[PDB]
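First the structure, in the form of structure tokens, and then the observations on it.
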Amino acid sequence: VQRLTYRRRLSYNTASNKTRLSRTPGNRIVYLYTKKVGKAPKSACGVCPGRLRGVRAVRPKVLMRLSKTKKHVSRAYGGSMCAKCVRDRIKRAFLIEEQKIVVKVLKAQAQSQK
Amino acid sequence: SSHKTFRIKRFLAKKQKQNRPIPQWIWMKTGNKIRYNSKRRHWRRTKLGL
RNA sequence: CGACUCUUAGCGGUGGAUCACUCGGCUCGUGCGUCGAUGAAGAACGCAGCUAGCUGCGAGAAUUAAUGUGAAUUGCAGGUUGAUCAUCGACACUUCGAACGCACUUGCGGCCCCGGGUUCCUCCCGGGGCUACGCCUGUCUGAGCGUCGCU
RNA sequence: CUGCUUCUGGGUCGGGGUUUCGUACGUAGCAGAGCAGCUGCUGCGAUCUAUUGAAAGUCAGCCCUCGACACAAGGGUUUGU
RNA sequence: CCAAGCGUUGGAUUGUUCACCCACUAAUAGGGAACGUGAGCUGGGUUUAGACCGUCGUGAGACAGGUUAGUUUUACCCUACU
RNA sequence: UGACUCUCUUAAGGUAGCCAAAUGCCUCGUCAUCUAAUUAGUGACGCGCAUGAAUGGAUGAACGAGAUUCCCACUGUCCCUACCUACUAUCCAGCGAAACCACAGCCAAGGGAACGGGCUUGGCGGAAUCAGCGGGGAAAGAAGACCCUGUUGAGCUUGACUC
RNA sequence: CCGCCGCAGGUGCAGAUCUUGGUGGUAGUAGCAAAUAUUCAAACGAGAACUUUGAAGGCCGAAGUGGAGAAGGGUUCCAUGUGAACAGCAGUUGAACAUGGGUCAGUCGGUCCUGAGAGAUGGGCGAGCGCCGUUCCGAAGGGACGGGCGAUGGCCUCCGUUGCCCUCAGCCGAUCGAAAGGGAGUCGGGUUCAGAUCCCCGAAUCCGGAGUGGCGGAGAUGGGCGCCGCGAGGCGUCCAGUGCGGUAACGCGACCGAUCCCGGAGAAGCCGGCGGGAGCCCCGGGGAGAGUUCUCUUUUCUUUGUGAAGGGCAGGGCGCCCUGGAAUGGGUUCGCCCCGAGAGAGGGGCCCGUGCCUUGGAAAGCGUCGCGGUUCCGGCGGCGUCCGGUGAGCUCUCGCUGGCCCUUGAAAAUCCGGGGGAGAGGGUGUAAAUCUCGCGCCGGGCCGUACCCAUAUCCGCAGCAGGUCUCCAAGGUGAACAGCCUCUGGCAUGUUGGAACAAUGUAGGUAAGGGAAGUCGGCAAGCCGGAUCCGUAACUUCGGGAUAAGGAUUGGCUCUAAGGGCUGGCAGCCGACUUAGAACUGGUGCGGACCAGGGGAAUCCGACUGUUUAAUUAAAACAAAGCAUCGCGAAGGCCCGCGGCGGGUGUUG
RNA sequence: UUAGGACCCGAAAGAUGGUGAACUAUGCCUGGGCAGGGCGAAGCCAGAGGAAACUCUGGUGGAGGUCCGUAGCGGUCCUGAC
RNA sequence: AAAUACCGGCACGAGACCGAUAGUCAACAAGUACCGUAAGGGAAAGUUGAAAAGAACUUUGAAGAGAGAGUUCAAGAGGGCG
């Protein structure tokens with residue numbers, strides 16, 4: 001049995017000071033200091049609760065190191081918005097734009113008769 | 001504590017160098033008044049201020 | 001009998017009175033009547049061959065120079081073309097401090113200059129000169145459907 | 001309050017007497033609820049039974065020792081009509 | 001009348017002293033000792049501070065009115081006694 | 001006894017409730033109940049000194065280191081004390097205070113500042129002591145906290161005075 | 001130093017609970033009594049109840065007397081001495097004393113960010129020291145992308161480097177504020193008398209950087225004709241190229257681009273349940289060294305590994321996607337819950353991987369068994385460092401999913417992705433501009449770092465039974481982090497010992513018969529106590545009351561039945577823990593210690609939970625939900641302020 | 001005999017300007033922490049009884065200023081120790 | 001300007017003053033040691049001798065502490081010592 005101490009001077013069980021038991025090649029249990037569970041990024045639409053796919057769930061200041069391809073998925077609004085609410089904002093971006101041309105054509109009627 | 005400021009560590013550093021006795025040759029002088037160091041301070045007796 | 005206890009004297013302890021001194025006071029009088037952004041008062045921290053305090057002092061650190069003084073300093077070592085003291089006009093005077101680049105953690109900046117890294121050609125390291133507010137006179141660049149001006 | 005050489009004396013130990021508790025360890029048992037293994041033997045097994053009114057304590061403030069073993073022929077301080 | 005030698009109790013209710021009652025009893029007499037006795041106790045009662053109620057007061061508050069909660073210290077001296 | 005009646009009467013005379021209650025002076029109220037006996041508890045009785053409606057009235061399951069009462073069981077609380085254990089106290093080695101202290105330390109009476117350790121008159125009186133001990137020293141403690149006085153104050157209050 | 005004659009005064013002490021200093025009696029007295037406890041031998045030494053070492057017997061018993069830190073301390077740390085004084089006996093002993101020695105960092109904190117808040121400037125007030133206020137009454141930006149004449153370093157080549165002035169720009173705030181919040185990145189072995197993530201060896205890693213940019217790779221070597229000649233091909237030209245693959249989720253080692261915009265991470269509460277993962281414990285083996293052996297025991301005990309960072313891999317998870325169309329509704333959980341808004345079913349994709357394996361890596365470490373080096377050493381050899389089963393186990397962690405709120409649980413630094421398309425880039429190459437790709441290169445200053453962390457290093461005048469914030473957490477019994485016992489680790493019974501065992505104490509117990517007669521009062525003590533199994537009233541706000549009350553069993557040993565995985569209505573194979581039943585059996589003992597409710601009938605008050613006089617009152621008092629009025633529609637109510645175009649409620653209605 | 005420190009010692013107070021929230025009171029910010037059990041609310045599935053609203057039953061579920069109780073927090077009673 | 005004020009500051013002279021519990025809080029390592037979080041509070045403490053000649057050497061004890069000696073007019077002046 002290995003009753004073992006902290007290696008830092010933070011003596012409190014705080015958000016920063018969270019550990020894991022790690023057996024060593026000297027054959028003794030000791031604490032390694034676990035980096036926090038950095039989460040995946042979230043969609044810019046902000047409706048889908050499930051976080052993004054193809055982007056690493058990692059601490060935010062780590063992403064300086066990560067390559068471009070680790071950080072975004074290869075698509076328009078890739079790594080910023082969920083693909084489901086991309087293809088709803090492609091249709092709407094077109095079907096609303098189609099509806100504008102029906103207004104452009106119905107305006108070419110109501111004045112030619114007076 | 002272990003967690004010190006540089007200014008306080010220089011304060012303590014002076015107080016340690018002031019906590020040594022008289023040299024034995026000092027009271028062999030002509031104008032001999034000093035017998036022993038009266039300003040000697042101990043860590044249980046007097047708590048240094050602070 | 002003694003032992004114990006009291007009284008007195010001698011001597012001896014305990015204690016620091018008395019008395020005798022006195023490089024300290026207090027009081028009165030006199031002359032003088034001078035601090036500081038050229039960094040004051042104060043504070044910190046340092047410094048001696050052996051030095052803790054006290055004074056003396058400021059990386060040139062119980063002092064340098066200079067003038068005077070003319071042989072010590074001294075607790076103990078050691079090594080006259082001026083020892084040592086006084087004086088002090090030259091120099092020097094680390095850090096905080098009105099405290100002054102922005103902050104009090106002695107933590108972070110800028111610009112110009114120099115030196116290493118080089119052989120200007122940047123980062124880097126070290127060093128240096130500047131960088132506080134209020135105001136005054138002049139300067140400079142400005143601003144205004146202020147007042148007008150000329151096209 | 002006593003004891004400290006009648007070849008005697010107390011003590012120490014041991015032996016009896018005493019009483020207390022209630023049947024030791026070991027062995028033996030085709031006594032044992034059974035069950036497990038091998039083809040009747042044999043393992044685990046609370047417990048019961050004999051050995052066994054057994055074992056254990058018992059004067060330190062119990063009784064008698066005449067059995068062992070030593071030890072005891074001292075020291076100190078005072079005291080007179 | 002001589003007479004204090006020796007006895008004069010167990011309890012219910014109340015802090016009670018005072019009573020009152022049950023029951024025993026030879027009898028259930030009365031007292032004193034700083035209204036014996038808190039470095040002996042107990043703290044129920046009073047009588048600090050907290051609270052509640054009744055009456056009183058404009059009020060703060062008041063009441064030998066009722067109520068609950070509320071620190072009870074020291075002997076090693078000298079005598080006395082053992 | 002009081003529905004009812006007559007008058008004075010003020011703002012209107014306490015309604016519903018509740019009670020000798022944490023509220024009743026008298027008081028240990030009266031009656032019942034718990035007892036062998038109860039100034040206790042409880043349920044009733046209301047001219048209630050001086051009950052009463054958000055100054056809240058009446059209740060109330062649950063709850064409470066809240067205040068009372070009776071009952072069963074349990075007990076050294078007691079009748080009535082005894083024994084045992086640990087640590088003390090005790091004795092010794094070493095170590096070593098303090099409170100307190102006019103002088104001090106045996107009584108009875110007397111007088112006295114009316115309750116003497118000393119005075120008066122009698123009792124009488126015998127070194128140095130140890131563990132106890134709580135009678136006394138009107139023991140110690142702290143210039144009474146009660147009480148009154150002072151032309152001494154403070155916290156608070158208001159229909160005090162002056163702002 | 002003094003007499004006489006004059007002068008002058010801080011001029012005479014027993015008192016003042018006088019002041020200061022000293023010393024008595026008490027008195028060698030009270031005392032050195034909290035938390036179980038010490039004994040034996042030896043050593044050093046003048047000297048031992050205490051020191052040191054060995055052997056005993058003990059305690060703490062993982063919510064510890066253990067191993068570490070924060071705050072505080074400031075050298076107390078460690079060695080070498082002496083042992084005057086101090087450590088309430090002692091002392092060869094100490095945290096005393098005196099001489100010395102000791103704290104090593106890009107990675108661990110501080111620095112940095114902002115929080116509640118603090119606080120300049122403008123402004124306002126102010127007799128004034130100053131004060132208010134912190135975006136409000138302010139000309140509150142000293143930065144870039146752009147264009148010529150000049151100019152300096154370099155063949156002024158043409159950019160770096162400059163200046164004029166012309167295009168271009170919100171945050172709305174200086175500054176401070178956390179050694180527990182945000183916050184890139186260091187771990188493993190070895191070493192000291194005292195220092196380690198700091199030192200040494202070895203493995204990585206983060207940020208920053210470079211003047212004509214140091215290597216490779218990507219950007220980038222496609223298209224279509226026109227002649228030569230047996231064809232590849234050679235060579236002339238008109239063109240392209242700021243990367244590819246997957247139906248998709250998304251992938252590939254890079255994969256241009258500014259002001260602007262947009263979003264994300266940073267960055268979210270407590271509680272419940274479930275799952276995975278480790279560590280730990282447990283279990284059956286195999287090694288190694290010890291323990292026991294008086295009999296029995298294939299036995300009992302210890303030890304039995306593998307860092308950061310890459311890759312691969314199980315393993316979790318998905319509210320991701322693809323064909324596809326479901327009532328006879330299906331899937332699915334402990335609970336949920338999901339579904340034409342596309343369920344089952346199949347094929348994928350992604351995020352997390354703290355587990356396994358591999359590089360690190362056996363070269364170290366550990367267990368051993370030996371050999372040298374008289375001491376000069378990280379000496380050198382031989383072996384081993386194993387194979388399984390495990391589980392509502394415990395703890396930490398990563399998830400899945402709920403429940404509660406008139407409660408919704410931080411900002412900011414910082415970082416990244418996206419959308420835009422101003423630009424830049426070269427003309428078929430010796431390609432260019434450019435790159436979040438793989439190596440390479442250089443750098444990381446400053447301050448803290450010793451030790452105690454509490455019945456002896458802190459604060460209570462002290463080695464004071466007080467107080468003082470956290471981390472790790474073994475075996476048995478058990479519901480249990482309860483209590484008790486033991487292992488690792490630590491200790492010497494808490495400021496003294498020896499000999500007695502009186503009183504009276506303090507703290508424990510035990511009592512015949514009675515039973516509250518004691519007493520203000522059942523105060524103190526006692527009883528009851530666990531679990532299984534019965535049984536459970538009045539009253540009620542139907543929630544409770546309730547463990548009401550009141551009964552029964554409990555030991556040991558031995559069986560029996562029932563309750564499950566797994567591999568291809570079955571057989572085989574690995575079981576881990578309980579419930580139930582009956583036997584047998586002991587002197588009716590058995591929740592055997594420990595743990596651990598006395599119970600009923602009423603009354604008063606307060607609904608309850610909460611709170612309260614720290615140090616005499618824990619209460620019926622306060623609070624409370626509920627209920628009810630009252631003020632106020634903002635130049636307002638209510639309040640503050642010396643003051644103000646002031647401030648709180650107010651980030652309000 | 002005064003007035004002044006007025007023979008010396010003595011108040012409870014009154015005033016002015018400063019220092020403190022390391023204890024404690026309260027708000028706020030930011031962190032950490034709280035065994036093991038008992039009762040068993042909503043929702044949910046099956047079943048049983050009758051004609052619907054429905055009524056009974058057995059599981060499941062894990063709420064609560066819930067209860068027993070450790071750590072922590074507090075401080076009742078002994079009016080114990082001291 | 002001058003006459004005028006001056007319990008601070010520099011350098012001086014003097015006293016019917018005080019003589020170490022006096023005189024300034026301070027004759028001395030005094031605004032020191034020490035106490036309080038801080039504002040602030042704030043001491044005690046002079047003397048060997050003419051000259052250290054400050055007690056060599058011998059001897060008991062583990063040493064402290066002695067006995068002899070020795071210095072000096074005197075240790076009846078032995079390191080806080082007229």
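We place every Cβ from the backbone using ideal geometry, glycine too, and count neighbours over all the protein chains shown. Rule-based calculations on the coordinates, nothing more; no lab input.
Tabulated data
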{"quantity": "Qualifying residue in segment A:91-112 (condition: closer than 30 Å to A:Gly38 by Cβ and either surrounded by 10 or more Cβ atoms within 10 Å (Cβ to Cβ) or of a type in the set (D, E, K, R) (or both))", "calculated": "no"}
{"quantity": "Contacts under 7 angstrom Cβ, first residue in segment A:1-20 being under 20 Å from B:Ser2 (Cα atoms), partner among the small types (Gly, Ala, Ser), 6 or more apart", "calculated": "A:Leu10/A:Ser16"}
{"quantity": "Residue within segment A:25-39 that is under 30 Å from A:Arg87 (Cα atoms) and either among the small types (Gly, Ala, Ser) or away from chain B (no Cβ under 14 Å) (or both) present", "calculated": "yes"}
{"quantity": "Qualifying residue in segment B:5-16 (condition: among the hydroxyl-bearing types (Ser, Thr, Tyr), within 14 Å of another protein chain (Cβ to nearest Cβ) and within 6 Å of RNA strand G (Cβ to nearest atom))", "calculated": "no"}
{"quantity": "Flag for B:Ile34 being away from chain A (no Cβ under 14 Å) and touching a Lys or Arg at 6+ places or on another chain (Cβ under 9 Å)", "calculated": "no"}
{"quantity": "Meets criteria (out of contact with any strand residue (DSSP E or B) (no Cβ under 8 Å at 6 or more places or on another chain) and free of Cβ contacts under 8 Å to residues at least 24 places away in the same chain) for A:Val55", "calculated": "no"}
{"quantity": "Flag for B:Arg40 being more than 16 Å from RNA strand H (Cβ to nearest atom) and outside any loop (DSSP other than H, G, I, E, B)", "calculated": "no"}
{"quantity": "Tally, over segment B:18-37, of residues that are part of a helix (DSSP H, G or I) and near RNA strand C (Cβ under 6 Å from one of its atoms)", "calculated": "2"}
{"quantity": "Qualifying residues in segment A:15-51 (those that are assigned to a strand (DSSP E or B), in contact with a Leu (Cβ under 6 Å, 6 or more places away or on another chain) and not hydrophobic (A, V, I, L, M, F, W, C)) - the one surrounded by the fewest Cβ atoms within 10 Å (Cβ to Cβ)", "calculated": "A:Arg20"}
{"quantity": "Any hit, segment A:79-95, residues being among the hydrophobic types (A, V, I, L, M, F, W, C), under 30 Å from B:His3 (Cβ atoms) and away from RNA strand H (no atom under 16 Å from the Cβ)", "calculated": "no"}
